[PDB]
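Asker: give the three-dimensional model of this entry:
(chains A, B, C and D)
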Amino acid sequence: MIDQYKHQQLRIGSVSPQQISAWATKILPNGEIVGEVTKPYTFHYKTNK
Amino acid sequence: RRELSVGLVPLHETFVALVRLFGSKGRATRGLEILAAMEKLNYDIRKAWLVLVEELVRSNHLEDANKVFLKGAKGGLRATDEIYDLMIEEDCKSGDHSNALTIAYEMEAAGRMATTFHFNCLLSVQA
Amino acid sequence: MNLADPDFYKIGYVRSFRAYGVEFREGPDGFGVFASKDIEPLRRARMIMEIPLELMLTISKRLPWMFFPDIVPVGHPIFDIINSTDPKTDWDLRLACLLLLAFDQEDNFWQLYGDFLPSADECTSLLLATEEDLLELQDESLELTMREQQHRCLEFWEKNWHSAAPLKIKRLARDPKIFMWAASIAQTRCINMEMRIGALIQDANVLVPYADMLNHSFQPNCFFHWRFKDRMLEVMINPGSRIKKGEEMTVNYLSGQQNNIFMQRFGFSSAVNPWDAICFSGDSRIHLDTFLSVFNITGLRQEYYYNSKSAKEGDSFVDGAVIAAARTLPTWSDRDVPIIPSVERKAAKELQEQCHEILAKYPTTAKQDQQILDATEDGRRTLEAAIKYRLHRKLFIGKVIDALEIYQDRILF
Amino acid sequence: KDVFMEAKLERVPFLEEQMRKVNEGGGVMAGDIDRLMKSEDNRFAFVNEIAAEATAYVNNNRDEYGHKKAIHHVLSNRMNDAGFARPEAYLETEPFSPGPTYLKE
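Answerer: Numbering: from 1, shown residues only, chains lettered A, B, ... in the order given. For reference, the structure is listed below:
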């Protein structure tokens, strides 16, 4: 009686900086990356945008 | 072609002879064409499908052999134990675990219980 | 075909036995199980003949011996008789001891069920026949085996009933002809099955009241099943099988083994015997894919079929003899894809004519001939039964010859 | 010979009222489920087989279920092949109801 094999997995480990960059950086067609999030601008003092 | 034109019902040996040739040469869909005939002439396809499956392995039509056996054995079609040993070993010889495992699962559905020989064949490619 | 007495269904019915669409008959034969009403085709199975475990004997098939409806008391001096019995050879002896014990212990169910069982004057088993009646049989190997088997039970009667015989052990068999009745009953009505009682899967030889009445036919329509939870044996109607309003419902005794020398040993005689034939030799070989082709017999020896959707009722000449002699004969096949050589000088005619010479109308001894059939004399319930066996073997040989000559005549349409 | 033939077989009367309260309380289904499970080895496999058969029933003839409770349908189908009349889908009626709804205690 061959049983219904079911192989699942769950790994965990520290990420390389390249992995984070590939996670977050989005390159526009113009060539800009701009994934750094330079300024700490939470929400405009103006309209909540 | 003249057998149906005249109206005489062909013999059991008649269909048996042709399917042996088509399997020997590698005819994939041609064998199924005859298989429909006995499905209308009140003739069982078990012997014809057994020899057709076995002949396709006697030539290097491994992909054809799995397709014909799986289609016929998906429904109710008991197979001789010799065929089960042949395809499980042959599929594992060329690295066809996906086809071999399905046949082994199909074999156990029809009563026959997998022994150490079948597990040994599977372990060859899983290793 | 008259129904059985009302007491037959009861006594067992009071002990939780339920039969739904059957009614046992009383006419002179094995009581017989014939149905009523119609069932129509079904999907999986229809359960019938609910038989509990308490109404059994079920001695185990291997050491140690255990009886789940406990009959032998603790320390009773009859377990020593059984434990001294040779295993794997004579399972019908300890079973006979259990049957004899279930006749004088208490108001046990078998104390009442004994009356419906066939008596010494009844029964067909050869263990109750005599010397000249065994001699009245066109067979010497069977004669030797049955003469030895009438012994080996005389021997296992004086080893445990010899002038010491505690009254418990005595009074069970005061003479060596009721022990023969018990031995014959054990031989005829024992069945070996698997019994899952609790966490124990075991193989055992069992005796089943109300189920042995199911007569025999090599074309069966009944299964034996053992319900694991409530410990009940049940007969099951086959899936996709229509049932008439009083026709026979049968369960096969032996399958995959026959030759009419062991079935006959176990009772009556073969009628169609789909697994027996006579060795031919004498010739070179006959073709294989024409004997099953003229009658449209399906191959695959383990499972032979006739395909009733054959022709415009081509013939009414198919039987167990045809399906048996279609696979026990030379049957040359060669490459299995030949030209089918219609060389009637070699592939047909003379070769089977040689078989006609080999079967030279009973050439072995021919102790008797057509005169024997229907001598019109019934007596002792064991005579006219060896005669019946001779009749059926002669009929099988004759019909095999007839089928062979029909085949050799019809090779051209 | 044994004098208990009819003393243990006399029919108990007054059973007609103890035939109905089984039928609206779900007693017939409860006593049929165990008889269907009397031969099964693993109950989970039996439950999964019943669920798959009910799924097939819903797929093949969709536009009937919503009232019939196809699980009840497959249970009745399995119980109806060995006698055991068991009306279709164990459907309950209101023989005496010139009104829309019972109070239900």
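Asker: can you get me the start-to-end distance on stretch C:341-349?
Answerer: Terminal residues of stretch C:341-349 lie 13 Å apart, using Cα to Cα, to the nearest Å.
Asker: contact partners of that stretch?
Answerer: Residues from elsewhere that reach stretch C:341-349, judged by Cβ atoms under 8 Å, 6 or more residues apart in numbering or on different chains: C:284, C:286, C:287, C:408, C:411, C:412. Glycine gets a C-beta too; all of them are placed from N, C-alpha and C.
Asker: and for stretch C:380-393?
Answerer: Applying Cβ under 8 Å, 6+ apart, the set of residues contacting stretch C:380-393 is C:121-126, C:128-130, C:133-134, C:136-138, C:260, C:264, C:268-271, C:273, C:368, C:372-373, C:375, C:377-378.
Asker: so which of the contacts of stretch C:341-349 are in helices?
Answerer: Those of these mapping onto helices are residue C:408, per DSSP state H.
Asker: what subset of the contacts of stretch C:341-349 is buried?
Answerer: C:286, C:287, C:408, C:411 (16 or more other Cβ atoms under 10 Å in any protein chain shown).
Asker: output those as a markdown table; include the columns distance to residue D:28.
Answerer: Converted to a markdown table, these look like this (distance: Cβ to Cβ, whole Å):
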| residue | distance to residue D:28 |
| --- | --- |
| C:286 | 63 |
| C:287 | 62 |
| C:408 | 64 |
| C:411 | 64 |
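Asker: nearest to chain A, of those?
Answerer: Sorting the buried ones among the contacts of stretch C:341-349 by how near they are to chain A, with Cβ to the nearest Cβ, puts residue C:287 at the top with 42.2 Å.
Asker: so what's the closest one bridging to?
Answerer: Partner residues in beta bridges with residue C:287: residue C:332, with DSSP bridges as the criterion.
Asker: next one: the closest residue to chain C within chain A from residue B:119, what distance?
Answerer: Of all residues in chain A, residue A:1 sits closest to chain C, with a separation of 15.2 Å (Cβ to the nearest Cβ). As for residue A:1, its distance to residue B:119 is 11 Å (criterion: Cβ to Cβ, to the nearest Å).
Asker: surely residue C:51 forms part of a strand?
Answerer: Yes: if the criterion is DSSP: H, G, I helix; E, B strand; the rest coil, then residue C:51 is within a strand.
Asker: tell me which residue lies nearest the centroid of chain D.
Answerer: Among the residues of chain D, the smallest C-alpha distance to the mean C-alpha position (Cα atoms, centre = their mean) belongs to residue D:29, namely 3.4 Å.
Asker: that one belongs to a helix, doesn't it?
Answerer: Yes: applying three-state DSSP, one finds residue D:29 inside a helix.
Asker: surely it meets residue D:75?
Answerer: Yes: contact status for residue D:29 versus residue D:75: in contact at 7.2 Å, counting by Cβ atoms under 8 Å.
Asker: now do the shared contacts for the two.
Answerer: Here residue D:29 and residue D:75 have residue D:90 as joint contacts, going by Cβ under 8 Å, 6+ apart.
Asker: so which bits of the helix or strand where residue C:398 lies are buried?
Answerer: Secondary structure assigned from DSSP states H and E places residue C:398 in helix C:386-409. Of the residues in helix C:386-409, those buried by neighbour count under the rule 16+ other Cβ under 10 Å are C:386-397, C:399-401, C:403-404, C:407-408.
Asker: okay, and residue C:322 sits in which element?
Answerer: Element membership of residue C:322 [criterion: DSSP H and E] is helix C:320-325.
Asker: can that helix be found next to chain B?
Answerer: No: Helix C:320-325 lies apart from chain B when judged by Cβ under 8 Å from any Cβ of the partner chain; the minimum separation is 15.6 Å.
Asker: give me the distance from that helix to the chain's centre.
Answerer: With Cα atoms, centre = their mean, to the nearest Å as the basis, the distance from the averaged C-alpha position of helix C:320-325 to the chain average is 18 Å.
Asker: contacts for it next, please.
Answerer: By Cβ under 8 Å, 6+ apart, the list of residues contacting helix C:320-325 reads C:218, C:271-277, C:295, C:297, C:304, C:306, C:395-396, C:399-400, C:403-404.
Asker: ok, stretch B:119-127 next?
Answerer: A:2, B:88, B:89, B:92, B:93, B:95, B:96, B:97, B:100, B:101, B:104.
Asker: tally of neighbours for the second one?
Answerer: Residue B:88 has 24 neighbouring residues, counting by other Cβ atoms under 10 Å in any protein chain shown.
Asker: elements contacting the stretch of helix or strand it belongs to?
Answerer: Secondary structure assignment for residue B:88, by DSSP H and E: helix B:81-94. Secondary-structure packing of helix B:81-94 (3 or more Cβ pairs under 8 Å, 6 or more residues apart in numbering or on different chains; DSSP states H and E): helix B:46-58, helix B:62-74, helix B:97-109, helix B:116-126.
Asker: secondary structure class for residue C:203?
Answerer: strand.
Asker: ok, the closest residue to it other than its chain neighbours - contacts?
Answerer: Nearest in space to residue C:203, with sequence neighbours left out and distances taken as Cβ to Cβ, 6 or more residues apart in numbering or on different chains, is residue C:61 at 4.4 Å. By Cβ under 8 Å, 6+ apart, the contact list for residue C:61 reads C:91, C:192, C:202, C:203, C:204, C:205.
Asker: weed out the non-buried ones from those.
Answerer: The neighbour-count test (16+ other Cβ under 10 Å) marks C:91, C:204, C:205 as buried among the contacts of residue C:61.
Asker: what about the nearest residue in space to residue D:68 that is not next to it in sequence, how many residues nearby?
Answerer: Using Cβ to Cβ, 6+ apart and skipping the chain neighbours, the partner closest in space to residue D:68 is residue D:89 (4.4 Å). One way to gauge burial is a neighbour count; for residue D:89, by other Cβ under 10 Å, it gives 19.
Asker: doesn't residue B:33 belong to a helix?
Answerer: Yes: assignment of residue B:33 by three-state DSSP places it within a helix.
Asker: the helix or strand hosting residue C:226 pairs with which strands, parallel or anti?
Answerer: Assigned by DSSP H and E, residue C:226 belongs to strand C:222-227. As defined by DSSP bridges, the strand partners of strand C:222-227 come to strand C:232-237 (antiparallel).
Asker: what's the first helix or strand after the strand it pairs with?
Answerer: Where DSSP H and E defines the elements, the next helix or strand beyond strand C:232-237 is helix C:291-294.
Asker: could you say what helices and strands that following helix packs with?
Answerer: Based on contacts counted as 3+ Cβ pairs under 8 Å, 6+ apart, the elements that helix C:291-294 packs against are helix C:386-409.
Asker: contact residues of the stretch 101-250 of chain C facing chain D?
Answerer: Contact residues of the stretch 101-250 of chain C with respect to chain D, defined by Cβ under 8 Å from any Cβ, are listed as C:107, C:112, C:225, C:227, C:228, C:229, C:230.
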